[PDB]
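What follows is a single structure, written as structure tokens, with notes after it.
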There are 2 protein chains.
Amino acid sequence: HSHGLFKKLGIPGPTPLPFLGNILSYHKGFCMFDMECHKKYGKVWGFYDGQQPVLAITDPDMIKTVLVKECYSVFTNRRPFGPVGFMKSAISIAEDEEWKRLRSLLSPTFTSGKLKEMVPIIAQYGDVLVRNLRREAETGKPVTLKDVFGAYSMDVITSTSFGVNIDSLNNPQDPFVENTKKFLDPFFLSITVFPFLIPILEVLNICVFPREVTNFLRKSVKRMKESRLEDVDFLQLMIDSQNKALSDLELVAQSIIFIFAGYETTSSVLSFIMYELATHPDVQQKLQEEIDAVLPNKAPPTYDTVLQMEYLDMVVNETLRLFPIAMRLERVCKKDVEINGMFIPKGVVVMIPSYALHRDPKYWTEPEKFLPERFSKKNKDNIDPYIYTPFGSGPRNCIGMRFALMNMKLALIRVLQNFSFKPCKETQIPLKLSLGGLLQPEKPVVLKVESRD
Amino acid sequence: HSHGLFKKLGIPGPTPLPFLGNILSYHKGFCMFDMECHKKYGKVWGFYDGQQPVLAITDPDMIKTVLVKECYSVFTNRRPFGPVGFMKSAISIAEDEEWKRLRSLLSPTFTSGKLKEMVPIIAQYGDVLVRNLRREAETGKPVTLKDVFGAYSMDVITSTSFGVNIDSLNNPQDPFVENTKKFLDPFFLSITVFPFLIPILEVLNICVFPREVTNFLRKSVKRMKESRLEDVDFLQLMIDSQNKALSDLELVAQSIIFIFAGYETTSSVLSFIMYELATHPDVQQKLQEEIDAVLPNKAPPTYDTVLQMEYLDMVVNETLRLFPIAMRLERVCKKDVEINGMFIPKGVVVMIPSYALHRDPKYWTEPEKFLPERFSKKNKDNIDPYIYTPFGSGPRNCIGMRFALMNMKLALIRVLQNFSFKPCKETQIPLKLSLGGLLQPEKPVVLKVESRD
Ligand code: HEM
Ligand code: HEM
């Protein structure tokens with residue numbers, strides 16, 4: 001019974017129930033619980049996910065010590081989340097020196113050099129997206145953005161990770177699209193209250209990643225890794241490092257994590273962005289004019305062109321402030337240490353509430369408002385990089401940050417070049433967030449899509 | 001399923017059954033299984049305790065790298081054996097830097113200086129032992145040595161660990177003697193086949209150490225730690241270091257481990273020694289003459305006197321060669337490494353079969369024989385310290401080695417000064433070892449005890 005740890009350390013927080021801890025407070029949701037605790041407890045507080053002690057920190061210097069300074073020494077890993085199977089070799093799931101071998105093996109794939117090589121392949125589906133949009137624009141019926149963006153996010157993934165070129169919106173039957181289309185609480189709740197059952201689920205071959213999908217994928221790599229190019233994508237870039245090096249099953253696990261990390265992240269954020277532009281027409285028009293100025297006469301976007309649109313980058317950053325889809329950052333304290341004046345005992349999970357810090361008035365003026373001008377080159381300097389942490393920070397931040405930014409902007413440039421977006425009767429205004437544990441709209445975003453000539 | 005690990009590494013061993021591994025081979029016993037594998041497989045082999053891979057090594061240089069050279073870096077911990085409770089803080093059970101804090105905190109207690117201070121207290125019960133022996137010597141009926149030695153081993157423990165002076169043979173009702181009097185397979189078998197159930201047993205407060213005993217002890221320390229000497233033993237020596245330092249519950253756990261490590265180890269070996277001397281009268285008389293020469297006219301043994309009897313030390317060492325009560329040494333490989341030419345992957349338990357190496361003809365002539373002359377100052381030089389490992393080796397060897405040697409010899413000097421030991425009709429000749437997992441006689445040792453005048 002570790003429930004006295006925080007009152008023994010003199011750390012405030014909600015009183016834990018036996019076995020359950022504080023998990024019943026998640027009824028309002030992950031983020032609201034972080035916001036309430038931040039308001040009534042202060043800069044540091046603790047709570048129990050079952051019997052697991054979780055210390056929340058909000059001091060920008062302390063966050064830097066955890067995420068950057070003492071990353072390799074103490075705060076190296078995340079906490080386990082369930083029976084993982086062979087996916088223990090995924091970089092996002094690996095720990096300690098095993099992870100350090102993968103982060104080093106996989107860093108050159110996300111170079112700005114390899115990123116520019118992927119733009120033409122993913123720009124091909126920016127045209128595929130706009131084409132699937134012209135039909136629903138003449139259809140005259142509102143559009144569920146998560147379906148078109150999800151198809152686009154899928155079409156970019158398969159081409160960038162395997163070269164497989166599909167119109168997943170128009171080819172919902174390709175065996176490569178069904179499996180890839182495959183959170184919630186009815187399981188992962190019990191995992192946190194019963195983490196002593198994770199070792200049981202492992203020996204039963206029960207995995208959080210379905211056995212239906214993974215078998216198709218390790219064997220669909222089995223054909224296309226060798227027997228296909230045995231005569232620029234994420235797969236080809238990792239193979240070149242095999243020839244301390246990556247294994248076969250290791251390489252499969254890393255590619256599976258890229259699809260998971262790319263599909264319902266790109267499309268979720270892109271759906272959030274279009275909701276903001278439709279409900280803020282001043283911003284959508286101002287962006288459409290910057291898009292038209294840099295790219296005159298519906299010109300195609302390039303690598304260097306995207307990194308030039310400042311208002312586009314300002315719209316992306318501010319949407320990520322309101323909606324950091326990761327919600328929290330977490331590190332497991334590997335040993336007794338003392339960071340910036342307080343003692344963290346071994347085993348305690350240190351947590352940075354990204355969603356709560358993104359909406360704290362201590363740093364944000366009118367936090368509920370969508371105001372891209374906070375990221376103007378005048379005011380971007382006044383933003384603490386350890387308060388605004390949409391991609392994390394330190395040696396274990398989001399490795400696909402620059403890919404995600406480029407992929408999302410290339411979709412927005414093409415989409416806003418040809419269309420305008422307006423709210424409908426079905427448009428949830430104000431948008432309500434999911435009550436679960438996924439930073440998604442409560443009800444899917446539906447907007448009117450008008451064609452620009 | 002890690003059952004292919006050793007045939008993937010090209011390492012020989014018995015083929016594992018699903019789930020069970022090689023545990024069914026323990027029917028002949030722990031040591032016989034090690035002896036057979038050593039004979040038919042060679043210097044290195046592997047086997048599975050359920051799903052846990054265990055690599056056995058017999059190369060003296062490789063054993064030094066595991067036990068000494070790469071102890072702190074890689075081979076630091078032992079493997080978990082069951083639900084342990086608060087006894088996770090015991091030095092023998094602690095891991096990594098937590099153990100290093102305890103081994104450093106507890107090393108000064110086992111100084112030769114503190115050891116000489118304990119001789120008068122434990123010599124007091126060497127007289128208590130001889131007194132309980134004179135009655136059974138005039139009784140004329142054979143003596144179960146494990147009862148008298150167990151009582152003596154208990155009377156030394158309570159006085160050296162708490163100052164409690166009891167005649168546990170004559171006071172079997174003292175509340176301090178019953179609890180301390182409290183392996184086998186019907187549980188620890190399933191723990192190795194179901195190690196995924198250890199986390200379950202922990203949350204159920206189910207502990208390998210009974211809740212009946214520990215509560216009496218943490219609270220019997222609660223009175224005598226403070227409320228008794230609040231106005232030389234293992235307890236007083238640890239308290240002086242509290243006043244990074246030892247905690248209250250930590251101090252209780254270390255004292256509990258000393259009783260466990262001292263009771264059925266001292267008395268078990270002492271029972272083995274008296275069996276050897278009774279069935280080898282040439283050695284018993286030669287020792288009784290050395291005991292009489294150094295200590296003329298039944299003189300009391302002292303610290304410096306004990307370290308002077310060479311044949312006594314030779315009898316103790318050779319009995320420990322035939323019966324290393326630990327049977328094996330073990331270390332958990334903390335990370336992928338390469339020791340003396342072969343690759344050990346992370347998680348593999350490295351095992352040194354002490355019992356098998358103590359009876360290997362590659363280093364031992366007539367290994368089944370009791371021949372104390374192997375440890376003569378002429379031939380002691382030809383004994384590899386990494387073959388003969390009764391107390392382990394390296395930074396995590398037996399911390400109470402010099403205490404155990406002094407405590408056993410002080411019993412033998414007094415006992416052989418007053419008595420002689422001869423086999424009976426009940427004396428199991430040849431002595432059969434336990435078929436279980438405890439290096440003990442199959443049937444308890446019973447010998448005729450004659451009084452010397
Ligand atoms: C809008 C898009 C995305 C957002 C907001 C996002 C956010 C994040 C965050 C907050 C983390 C945790 C960082 C930390 O703990 O300090 C993370 C980790 C990670 N992300 Fe992303 N991500 C996005 C897209 C992607 C994409 C497209 C990929 C790959 C193609 C990717 C791959 C990863 C990986 C592998 C990790 C784990 C890194 C490690 O543990 O070494 N992410 N992401
Ligand atoms: C004939 C008597 C004894 C024998 C043969 C013996 C043997 C051993 C062996 C083989 C080990 C493992 C060493 C290794 O893994 O390298 C060990 C560990 C240990 N022994 Fe003993 N022992 C004896 C008596 C004692 C006594 C009397 C005490 C304390 C009063 C004691 C305390 C310990 C402790 C604490 C450890 C664990 C050390 C650590 O993990 O840091 N032993 N013993």
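Every chain in the structure tokens has a letter given in the order shown (A, B, ...), and although residue numbers restart at 1 in each chain, ligands are simply numbered from 1 in the order shown.
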Quick one: residues within 6 Å of ligand 1, with only C-alpha atoms and all ligand atoms, as a short mmCIF file (atom, residue, chain, number, x, y, z; two decimals) with N, CA, C and O atoms, in the first residue's frame?
```cif
data_model
loop_
_atom_site.label_atom_id
_atom_site.label_comp_id
_atom_site.auth_asym_id
_atom_site.auth_seq_id
_atom_site.Cartn_x
_atom_site.Cartn_y
_atom_site.Cartn_z
N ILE A 91 10.21 1.67 -30.63
CA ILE A 91 11.01 2.74 -30.03
C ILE A 91 10.20 3.47 -28.96
O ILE A 91 10.73 3.82 -27.90
N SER A 92 8.92 3.70 -29.22
CA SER A 92 8.06 4.37 -28.25
C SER A 92 7.80 3.53 -27.01
O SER A 92 7.43 4.07 -25.97
N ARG A 103 16.52 4.75 -30.97
CA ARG A 103 16.47 6.18 -31.27
C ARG A 103 17.67 6.60 -32.10
O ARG A 103 17.56 7.46 -32.98
N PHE A 258 4.91 3.63 -36.63
CA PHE A 258 4.80 4.84 -37.42
C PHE A 258 3.37 5.04 -37.92
O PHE A 258 2.87 6.17 -37.94
N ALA A 261 1.34 6.10 -34.98
CA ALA A 261 1.70 7.46 -34.61
C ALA A 261 1.32 8.49 -35.65
O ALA A 261 1.39 9.69 -35.36
N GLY A 262 0.92 8.07 -36.85
CA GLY A 262 0.69 9.02 -37.92
C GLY A 262 -0.75 9.15 -38.37
O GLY A 262 -1.17 10.23 -38.78
N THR A 265 -3.35 10.83 -35.63
CA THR A 265 -2.74 12.07 -35.16
C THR A 265 -2.82 13.17 -36.20
O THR A 265 -3.29 14.27 -35.92
N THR A 266 -2.37 12.87 -37.43
CA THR A 266 -2.46 13.84 -38.51
C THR A 266 -3.91 14.21 -38.80
O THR A 266 -4.26 15.39 -38.86
N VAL A 269 -5.63 16.20 -35.83
CA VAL A 269 -5.23 17.61 -35.77
C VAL A 269 -5.79 18.37 -36.97
O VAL A 269 -6.30 19.48 -36.82
N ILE A 325 -2.76 16.55 -28.60
CA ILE A 325 -3.40 15.24 -28.64
C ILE A 325 -2.76 14.23 -27.70
O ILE A 325 -3.38 13.21 -27.38
N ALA A 326 -1.54 14.49 -27.24
CA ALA A 326 -0.92 13.62 -26.24
C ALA A 326 -1.39 13.92 -24.83
O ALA A 326 -1.25 13.07 -23.95
N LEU A 329 2.74 14.45 -20.79
CA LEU A 329 4.04 13.83 -20.92
C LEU A 329 4.35 13.05 -19.64
O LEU A 329 3.95 13.46 -18.55
N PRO A 390 3.78 20.56 -27.37
CA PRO A 390 2.91 19.67 -28.14
C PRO A 390 3.62 18.43 -28.65
O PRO A 390 2.95 17.42 -28.90
N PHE A 391 4.94 18.48 -28.82
CA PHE A 391 5.72 17.33 -29.26
C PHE A 391 6.69 16.85 -28.19
O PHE A 391 7.62 16.11 -28.49
N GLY A 392 6.48 17.25 -26.94
CA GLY A 392 7.41 16.90 -25.88
C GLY A 392 8.63 17.80 -25.89
O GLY A 392 8.60 18.92 -26.40
N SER A 393 9.72 17.29 -25.33
CA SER A 393 11.00 18.00 -25.29
C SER A 393 12.06 17.04 -24.80
O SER A 393 11.78 16.11 -24.04
N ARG A 396 13.84 12.39 -25.90
CA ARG A 396 12.74 11.49 -26.23
C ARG A 396 11.47 12.27 -26.55
O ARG A 396 10.37 11.93 -26.11
N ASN A 397 11.61 13.34 -27.34
CA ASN A 397 10.45 14.07 -27.83
C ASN A 397 9.88 13.33 -29.05
O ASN A 397 10.33 12.24 -29.40
N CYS A 398 8.89 13.92 -29.70
CA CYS A 398 8.31 13.30 -30.89
C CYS A 398 9.34 13.26 -32.01
O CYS A 398 9.80 14.30 -32.48
N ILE A 399 9.70 12.05 -32.44
CA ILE A 399 10.73 11.91 -33.46
C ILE A 399 10.21 12.29 -34.84
O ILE A 399 11.00 12.65 -35.73
N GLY A 400 8.90 12.22 -35.05
CA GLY A 400 8.33 12.55 -36.35
C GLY A 400 7.69 13.92 -36.37
O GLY A 400 6.69 14.13 -37.07
N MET A 401 8.26 14.86 -35.61
CA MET A 401 7.67 16.19 -35.52
C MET A 401 7.70 16.90 -36.86
O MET A 401 6.67 17.38 -37.35
N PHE A 403 8.12 15.69 -39.83
CA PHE A 403 7.28 15.01 -40.80
C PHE A 403 5.81 15.35 -40.59
O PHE A 403 5.08 15.60 -41.56
N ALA A 404 5.37 15.36 -39.34
CA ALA A 404 3.97 15.66 -39.05
C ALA A 404 3.61 17.08 -39.46
O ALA A 404 2.53 17.31 -40.03
#
```
Up to 6 Å from chain A, what residues of chain B turn up? Count only C-alpha atoms and give them as an NGL selection string.
:B and (196 or 199-200)
Please indicate the distance in Å from atom CA of residue 112 of chain A to atom CA of residue 234 of chain A, rounded to one decimal place.
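Between these atoms lies a distance of 13.5 Å.
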Which one is closest to residue 159 of chain B: B:362, B:186, B:291, B:235? Count only C-alpha atoms.
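Comparing B:362, B:186, B:291, B:235 against residue 159 of chain B, the winner is B:235.
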DSSP on the backbone: what in segment 231-384 of chain A comes out alpha helix (DSSP H), as a VMD selection string?
chain A and resid 234 to 242 248 to 278 281 to 294 303 to 306 310 to 322 354 to 358
